[PDB]
Amino acid sequence: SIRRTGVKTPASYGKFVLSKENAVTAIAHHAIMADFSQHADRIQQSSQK
Amino acid sequence: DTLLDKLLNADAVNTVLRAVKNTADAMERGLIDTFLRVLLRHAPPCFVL
């Protein structure tokens with residue numbers, strides 16, 4: 001049942017980025033909400049999409 | 001730099017430059033101060049003069 005097979009694997013690391021917004025957020029009240037502009041477009045759209 | 005270092009570094013730069021800039025201000029105003037105080041210590045009053 002054990003079959004030797006080449007499995008695709010990531011050859012690099014993921015990244016966590018701090019936005020222009022998000023640095024001012026972490027300065028302002030010492031927290032980050034991840035994916036902020038992807039929240040804010042939902043804000044100016046209908047909210048919970 | 002994932003950009004949160006960059007504000008901190010440029011604020012270190014701004015703090016050092018504003019320190020030297022207000023330092024030159026303090027040097028000029030202290031020159032004003034001690035020049036005025038030397039004129040006070042070398043100026044007799046009008047009822048003497």
# chains A, B, ... in the order shown; residues from 1 in each chain; ligands from 1
call {"tool": "interface_residues", "arguments": {"of": "chain B", "to": "chain A", "cutoff": "12 Å", "atoms": "only C-alpha atoms", "output": "VMD selection string"}}
result
chain B and resid 1 to 8
call {"tool": "select_by_dssp", "arguments": {"residues": "chain A", "states": "alpha helix (DSSP H)", "output": "ChimeraX atom specification"}}
result
/A:20-28,37-44
call {"tool": "write_last_selection", "arguments": {"atoms": "N, CA and C atoms", "output": "PDB file, in the first residue's frame"}}
result
ATOM      1  N   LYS A  20       0.095  49.518   4.418  1.00  0.00           N
ATOM      2  CA  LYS A  20       0.339  50.919   4.698  1.00  0.00           C
ATOM      3  C   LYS A  20      -0.658  51.181   5.811  1.00  0.00           C
ATOM      4  N   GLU A  21      -1.932  50.887   5.545  1.00  0.00           N
ATOM      5  CA  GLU A  21      -2.937  51.019   6.586  1.00  0.00           C
ATOM      6  C   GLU A  21      -2.482  50.346   7.875  1.00  0.00           C
ATOM      7  N   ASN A  22      -1.986  49.121   7.758  1.00  0.00           N
ATOM      8  CA  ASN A  22      -1.971  48.215   8.896  1.00  0.00           C
ATOM      9  C   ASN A  22      -0.875  48.598   9.872  1.00  0.00           C
ATOM     10  N   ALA A  23       0.188  49.221   9.371  1.00  0.00           N
ATOM     11  CA  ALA A  23       1.205  49.761  10.260  1.00  0.00           C
ATOM     12  C   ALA A  23       0.651  50.897  11.112  1.00  0.00           C
ATOM     13  N   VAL A  24      -0.158  51.784  10.520  1.00  0.00           N
ATOM     14  CA  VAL A  24      -0.793  52.854  11.291  1.00  0.00           C
ATOM     15  C   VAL A  24      -1.805  52.278  12.270  1.00  0.00           C
ATOM     16  N   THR A  25      -2.438  51.162  11.910  1.00  0.00           N
ATOM     17  CA  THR A  25      -3.334  50.465  12.832  1.00  0.00           C
ATOM     18  C   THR A  25      -2.583  49.948  14.057  1.00  0.00           C
ATOM     19  N   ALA A  26      -1.433  49.307  13.824  1.00  0.00           N
ATOM     20  CA  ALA A  26      -0.607  48.787  14.912  1.00  0.00           C
ATOM     21  C   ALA A  26       0.039  49.900  15.720  1.00  0.00           C
ATOM     22  N   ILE A  27       0.219  51.067  15.126  1.00  0.00           N
ATOM     23  CA  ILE A  27       0.665  52.210  15.908  1.00  0.00           C
ATOM     24  C   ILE A  27      -0.482  52.764  16.733  1.00  0.00           C
ATOM     25  N   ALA A  28      -1.671  52.834  16.133  1.00  0.00           N
ATOM     26  CA  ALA A  28      -2.788  53.562  16.714  1.00  0.00           C
ATOM     27  C   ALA A  28      -3.349  52.843  17.922  1.00  0.00           C
ATOM     28  N   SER A  37      -7.672  45.747   3.513  1.00  0.00           N
ATOM     29  CA  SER A  37      -8.306  46.348   2.343  1.00  0.00           C
ATOM     30  C   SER A  37      -9.368  45.429   1.768  1.00  0.00           C
ATOM     31  N   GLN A  38      -9.180  44.127   1.944  1.00  0.00           N
ATOM     32  CA  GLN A  38     -10.172  43.134   1.595  1.00  0.00           C
ATOM     33  C   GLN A  38     -11.332  43.118   2.586  1.00  0.00           C
ATOM     34  N   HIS A  39     -11.198  43.785   3.742  1.00  0.00           N
ATOM     35  CA  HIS A  39     -12.375  44.155   4.531  1.00  0.00           C
ATOM     36  C   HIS A  39     -12.979  45.481   4.072  1.00  0.00           C
ATOM     37  N   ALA A  40     -12.140  46.450   3.717  1.00  0.00           N
ATOM     38  CA  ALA A  40     -12.615  47.811   3.487  1.00  0.00           C
ATOM     39  C   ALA A  40     -13.370  47.946   2.171  1.00  0.00           C
ATOM     40  N   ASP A  41     -13.001  47.146   1.176  1.00  0.00           N
ATOM     41  CA  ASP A  41     -13.817  47.065  -0.028  1.00  0.00           C
ATOM     42  C   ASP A  41     -15.182  46.473   0.277  1.00  0.00           C
ATOM     43  N   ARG A  42     -15.246  45.516   1.208  1.00  0.00           N
ATOM     44  CA  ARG A  42     -16.536  45.003   1.645  1.00  0.00           C
ATOM     45  C   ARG A  42     -17.314  46.057   2.414  1.00  0.00           C
ATOM     46  N   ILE A  43     -16.607  46.944   3.117  1.00  0.00           N
ATOM     47  CA  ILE A  43     -17.265  48.048   3.815  1.00  0.00           C
ATOM     48  C   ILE A  43     -17.965  48.957   2.826  1.00  0.00           C
ATOM     49  N   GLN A  44     -17.246  49.397   1.793  1.00  0.00           N
ATOM     50  CA  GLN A  44     -17.932  50.267   0.841  1.00  0.00           C
ATOM     51  C   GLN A  44     -18.856  49.499  -0.093  1.00  0.00           C
TER      52      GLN A  44
END
call {"tool": "atom_distance", "arguments": {"atom1": "CA of residue 26 in chain B", "atom2": "CA of residue 12 in chain B"}}
result
20.4 Å
